[PDB]
Every structure is written in structure tokens, then in C-alpha cells.
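Novice: Attaching a single structure in C-alpha cells format; questions to follow.
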Amino acid sequence: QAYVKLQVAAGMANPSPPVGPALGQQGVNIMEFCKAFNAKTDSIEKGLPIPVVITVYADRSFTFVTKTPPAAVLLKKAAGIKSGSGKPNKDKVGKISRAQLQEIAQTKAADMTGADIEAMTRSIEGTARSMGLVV
Amino acid sequence: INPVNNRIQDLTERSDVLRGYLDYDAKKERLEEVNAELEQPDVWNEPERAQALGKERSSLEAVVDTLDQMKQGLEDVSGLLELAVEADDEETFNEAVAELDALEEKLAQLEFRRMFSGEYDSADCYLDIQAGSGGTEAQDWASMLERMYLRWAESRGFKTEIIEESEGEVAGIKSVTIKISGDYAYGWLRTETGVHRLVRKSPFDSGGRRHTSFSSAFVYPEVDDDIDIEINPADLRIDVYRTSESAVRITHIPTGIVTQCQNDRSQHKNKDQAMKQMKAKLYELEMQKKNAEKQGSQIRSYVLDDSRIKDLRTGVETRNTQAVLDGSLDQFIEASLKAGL
Amino acid sequence: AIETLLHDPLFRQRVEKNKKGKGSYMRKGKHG
């Protein structure tokens, strides 16, 4: 019932220029969602984006459960780069160690629907490669 | 530490300058209204318009956002420095010293971006120096100008090449086409299109009278293989002439403007070159027209007697005439760029 | 139309009249 993940950094309260009508398309108010986000934030670090479930009920009171931070941002943070890569196979911008990736993987485990952390690690590695960083 | 100290303030100053140049308040205002519009859900019903709005917003945010970051980043750096000072620890101090560089670099990049607004600034270009009416003196002046420009190019790290040269019988040059080559050449040189007023006492004159000569420079970027428009075969005239058999002149009839080439050894090569030049010229003219639609020719006055050079439009004067002649004209060009003429 | 622009009388080679040399002689000064 109108569930979509679509938002930017958690520290930016009431993101109307990035999101705008996408969050306030249905009958729920713009103030509420922002407030909720803010509330969520207090238990975690600011700066990073965070996705969340938007099950918009008819009563104008929505249930919501946060997920892990975006795959990309986390990956970036271990790398230590702002812009990833333009034309990655021709010239390499940076590179990552596997141990770090593995470490990163383990912390997400709650949201990750999988028993094996190895799998997660390899997924992360793949993602990194795609971005443009030879492991 | 003194250099580090110097760097903190200087960076801030330059940021401030940049902001001023931008005239950021207007931009901010624009963003605000745009943001509001975006927030209203009826804008996305019409797609193209919505897209346009989105495009508008982001850039506005980003320039302004960049500025904000600079303001804030600088502050943070300052705070760090203060902390270091307070607590005699080496690592902190080192950090303070270092972190600032990146911000400065970013600022520089931003400035560069601001400077080179036009789409073809990055590409290499064709300088074209045609001498005045006067006579020998004019030719001499033209030659001098050419020399200056080549020296400037050399200083920059640009690969110069003479596409065409026509010589003056007594001295100097009647006219000369020069292909400059390198990164962002046109972005610098596009400003220096126009007439240049030399004023000096003529050695070619028997008497010691004081002569006033002119010479146009005209700069156009290389746009070959990218642009869709092509010259109509009927309007294009090819023409051959002797070197000083090999050389080729091209003529366009509707606009009534020509371009030539004599640097290549065979005819075919020359003709192609001419065509390339001609198309570039056409492109330049079209863009100029467009600009005009959207919306005397003398740009600099080199007075060698009183020993002052003064770019007219910008209003920057210098007395080291010799230096300027030798290719130290960067200063003028940057000023011009800043002005945004 | 650059060549035509260069041609215009605007940009014709001026030469400054002498004050002490050849064309020196003025019959009547700027003031009496």
C-alpha cells in the first residue's frame, strides 16, 4: 500500500527539494514523515541516507521499519573516495581489500536475508568491482 | 607553520571573492522558488517542464551548496587549528595543516568551471591575425602581435603551428593564421578576438612622427567531426595559388567569408584543412548570432611611446610593455574572462 | 565580415602632426 524507498541524507530534516511530491503523493502529510525520520536518526549517525518502508494505511498513521544503510555509501566509506570512477577498465581510480569488505558485510546481517556472510562479502566485492575498483 | 597560517586566510578570501563574483543571493532565491515549485505535486504532471525545473534546481543548489561547504569547511578547518594550538599535540596540528588543501583545490575547480561557461572552451582553436590598412607599419605591428601570441602559447604549454602566413614586402606580415593546440586553448584565447591599437613612433617612417596602427585578431575553435551542419557544395568555392601549386583558398558565398591553408604539401590535404577551418568559422558565426539574439571592436591599446598597455573593455593598465609583448598577457586574458564579455 | 571591419575609416593609420619639426609652422597659435 504505497510502499517505496526514496530519500537522501538523514541529517537533512524535511527533504522537500530531493524527494518532495514522492513522499507526499498520498494523503499522509509531509511533516509527519520527516519527523519520523528525525526520530529514527537519534539512535544512529547523521550524514548518510537511510531507506525505510512506507506502508500508507487509510487511517493516516503508518507503520515503518528501517533497513541497513545504502549498499553504495557503506562501500564508499571503506574505500575513502568521493567520486567513484568514470571509465573504470581504462584507468583505475582506487582499490579495496577483501578483509575490509568482509567486515562491512557482517554488520548488515539483520537486513541481509542470508545465513552465510561469505556470500554477502562476495556480493560486496562484486559491487565494488562494478563501481570501478579491482579487489 | 607560517605558510599554513597564510593558507587558511587566503583560501577564505578567495572563497569570499568567488561568492561575490557569483552574486549568489539571486541564485539562492531562484533555487527557493524552484524548490517550492518542485514541492507542489502538479509540476510533475507535465513531464518536460518538470524535468527542466529539476535540472535548474540541482545546479543552483550545487553552486550555492558548494559555497556553503566552503564557508563551513573553512570554519571547521579554523576550529581544528584552534584546537591544535590549545592542545600541544603534533598529529592534530598536522591534520589542521593538511585538510585545508582539498577544500582549496575544490574551490579552484569551481572557479575554473565558472570561467569556462561556453561549450567549446575545452577544444583547440585557430588564431587569425590580419594586419591593418596603414602599410608597412601595420604589417610590422601584426608581426609583433603574432610573436607575442606565440610566446604566450609557449609559456602556457601549447603546441603552435602556422597554417598560413602572408608576408609584407618591406617587413612584417600582411596576415597569418595560427593553429594553437592544447587543453582549453579557445577558452583563454576567445577573449582576445578583436582589433588591437598600436601607437608608436615609426622606425619605417623617415621622420620621427608618431603613427597609430591597427590589427585584428580573430579566434575560432576547432569543431570538426562533432558538428552536424555542413557547407553546401554549391556555396563552397575551392581555389589554388602559389606558396611563398600547393596552397588552397576556400570561399563561402552567402556569408562572404574566406579561409585558406598552405602548410600541407599536397593539394588534397590543404583543401580538407581549409574545409575544416571554414566549418569552424561558420559555427563560430552561428553561435555569435545566437548570442546576439539572446542579448568599438577595439579590445586593447598598446601605446609604446608613453609605455602603457591598457585593455579597453576590462580597464586594466600595465607599464611593463616589453614584458607584455614577450607573451606576459595572461593577466589581461584572465581579467577578461572574469568580466565575462 | 572582419576584413571589411578592418577597412572602415575608423581604423585608418593616423599620424600625429608635428609641433617642432617639418609641419611645425602654425600661422596662429591656439591662443593669442
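Indices start at 1 and increase along the chain as displayed.
Looking at the header, which is where the method is noted, we find electron microscopy, 3.1 Å.
A Cβ is built for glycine as well, from the same backbone N, Cα and C atoms used for every other residue.
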Novice: According to Swiss-Prot, one residue in A:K67, A:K77, A:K108 is annotated as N6-succinyllysine; name it.
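Specialist: Per Swiss-Prot, the residue annotated as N6-succinyllysine is A:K67.
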Novice: According to Swiss-Prot, one residue among A:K40, A:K76 carries the annotation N6-succinyllysine; which one is it?
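Specialist: Checking Swiss-Prot against A:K40, A:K76, the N6-succinyllysine entry points to A:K76.
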Novice: Do you know which of A:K35, A:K46 is annotated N6,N6,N6-trimethyllysine by Swiss-Prot?
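Specialist: Among A:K35, A:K46, the residue Swiss-Prot annotates as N6,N6,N6-trimethyllysine is A:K35.
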Novice: Identify which of the modified residues A:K35, A:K67, A:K76 has its Cβ surrounded by the largest number of other Cβ atoms within 10 Å, counting every protein chain shown.
Specialist: A:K76
Novice: Tell me the Cα distance separating A:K67 (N6-succinyllysine) from A:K76 (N6-succinyllysine), rounded to the nearest angstrom.
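Specialist: One finds 18 Å between the Cα atoms of these residues.
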Novice: What is the separation, in Å, between the Cα atoms of A:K67 (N6-succinyllysine) and A:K35 (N6,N6,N6-trimethyllysine)?
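Specialist: Pair distance, Cα basis, whole Å: 17 Å.
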